[PDB]
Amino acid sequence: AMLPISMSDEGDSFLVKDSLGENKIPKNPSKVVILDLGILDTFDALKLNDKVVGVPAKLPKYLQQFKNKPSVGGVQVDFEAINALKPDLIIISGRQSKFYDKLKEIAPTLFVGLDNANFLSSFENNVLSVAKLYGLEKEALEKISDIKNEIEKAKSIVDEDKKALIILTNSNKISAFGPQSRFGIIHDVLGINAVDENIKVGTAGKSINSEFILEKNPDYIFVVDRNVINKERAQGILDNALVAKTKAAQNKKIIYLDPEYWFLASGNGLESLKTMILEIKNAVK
């Protein structure tokens, strides 16, 4: 299990430990550089927009209120821009853990990792830890309750005898993903059963083809199409007689998920996580 963020109050600051290291973070930080899009959404949802001084502007359609913040990268980190903003806090997730030592020379750097084996507990701890910095625990607990209620509404309507498959299409490559993966919340949080519970743990997933999809005969197929960031599109990759024969194709349950949520992994967002939960619920209702 990923080590959680723990914080102890030391008056003007918190002593913060997370899986990457320890930091003294000032209370109410006022110049925050955020490289994780999900946590940027949570800043919005907690009304902390004025605390943010840098984002990866090179930005999905749901985060356009930050389009005029100074750019610190693309998700490609620009260290010069970061230093020149003189931040009092840098927030990162998985995709930037490789940059940790360099960012930490600039300013205290908080890791809000999403644990693919314990998604909801990581999500809660990330949101509540950011809130504690600002004394917003009450407000963050109300919104965390809203998301839990949405998960319960979504779970309530899932069919126990149907099975789904998750795939990522990248140009013409198809790769399968299962429980406890980067897309795992379809199986792990919303309880939708998988066609294969034993695809191997790892970020690149398992290479598959249409024969595989036919062999599994999924009731639903969830597609994360990284071609939508061209020409070739999952719909054409799956435009064939193998995929056509599948229960998913026959009942028009090939679901194309918005990659600006799923591929960019905005699970740390109070509002973005909600939109993802609703997107699943509305596909299988």
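The first residue of the sequence shown is number 1, and the count goes up from there.
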- Task: Between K58 and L59, determine how many residues of the deposited chain lack coordinates; answer none if the chain runs continuously, otherwise 1 to 3, 4 to 9, or 10 or more.
- Result: 1 to 3
- Could you tell me how many residues of the deposited sequence sit unmodelled between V75 and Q76 (none, 1 to 3, 4 to 9, 10 or more)? 1 to 3
- Item | Which of 197 to 205 and 88 to 96 has higher mean CA B factor, as the PDB entry lists it | 197 to 205
- Query: As stated in the PDB record, which stretch has the larger average Cα B-factor, 4 to 12 or 276 to 284?
  - Reply: 4 to 12
- Check the PDB entry and point out which of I39, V52, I221, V243 has the largest C-alpha temperature factor. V243
- Query: Between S121, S156, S71, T109, which carries the biggest CA temperature factor in the record?
  - Reply: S156
- Query: Split the chain's modelled residues into thirds by Cα B-factor; is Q235 in the lowest, middle or highest one?
  - Reply: highest
- Message: Ranking every modelled residue in this chain by its Cα temperature factor as given in the entry, which third contains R226?
- Response: highest
- Message: Could you place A249 in the lowest, middle or highest third of its chain by Cα temperature factor, using the values in the record?
- Response: highest
- For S129, the third of its chain into which the C-alpha B factor falls: lowest
- Based on the entry's values, in what third of the chain does the Cα temperature factor of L264 lie: lowest, middle or highest? middle
